[PDB]
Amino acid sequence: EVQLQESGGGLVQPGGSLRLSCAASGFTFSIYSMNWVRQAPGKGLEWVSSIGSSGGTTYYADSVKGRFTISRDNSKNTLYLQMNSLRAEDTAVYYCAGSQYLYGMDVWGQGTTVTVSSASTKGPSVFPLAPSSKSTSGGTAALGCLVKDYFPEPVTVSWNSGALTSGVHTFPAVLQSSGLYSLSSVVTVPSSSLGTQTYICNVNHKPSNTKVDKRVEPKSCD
């Protein structure tokens, strides 16, 4: 199965440097031309750089020329992007992609986030979302977690360590006036299961190294 696995993304200060990697497997890497493509938050796809199958040819977008350097090691089936003199506008999700056809992109990697900011990374506060006893839900109830006041994007939210996926809705983050982000993750479940079954929201904010597992259940009501 043709596969590209990226890594190296993170939060960087303006003017700093960062090196992205992309491991290849499932095809003859030495005959594939490789590329880097990025996607700014809420924007379209933007080409970054290209490299010939042998590494003897490289191409760059005008916005990154002289600051980024694409390279490859065909002995290790690895592609690199060395990003120097990083700017705020370089913030985006970066993808590696390649193909046996020049300038084509047949196999894509999952992506890695790069944030260029002088602001301080802050972890979220995780609060439960649970109804009161007199909620008028039918046979379906809703629980959730509120992930509040974190920076920068992104955060990952799962339920019961990934075992619960059906009915989950993790909303897009909203940028609050404070410059911090906030979102809610909800899941709909049978009403009878609300007050008995275990529901845990797993939150991970890698930039600030903040990871939380919060059990969500209704308030005690005897």
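Residue numbers run from 1 along the displayed sequence.
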Q: Could you check the entry and say whether 91-99 or 69-77 has the higher mean CA B-factor?
A: 69-77
Q: Decide which of the stretches 188-196 and 31-39 has the higher mean C-alpha B-factor, going by the entry.
A: 188-196
Q: Name the one of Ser166, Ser182, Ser49, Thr57 with the greatest CA B-factor according to the PDB entry.
A: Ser166
Q.
Out of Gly109, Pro128, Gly104, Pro131, whose C-alpha atom has the biggest B factor in the entry?
A. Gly109
Q. In terms of the chain's CA B-factor thirds, is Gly26 lowest, middle or highest?
A. highest
Q. Would the CA B-factor of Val12 place it in the lowest, middle or highest third of its chain?
A. highest
Q: Within this chain's modelled residues, let me know which third the CA B factor of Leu175 belongs to: lowest, middle or highest.
A: highest
Q. Lowest, middle or highest third: where is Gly138 by Cα B-factor in its chain?
A. highest
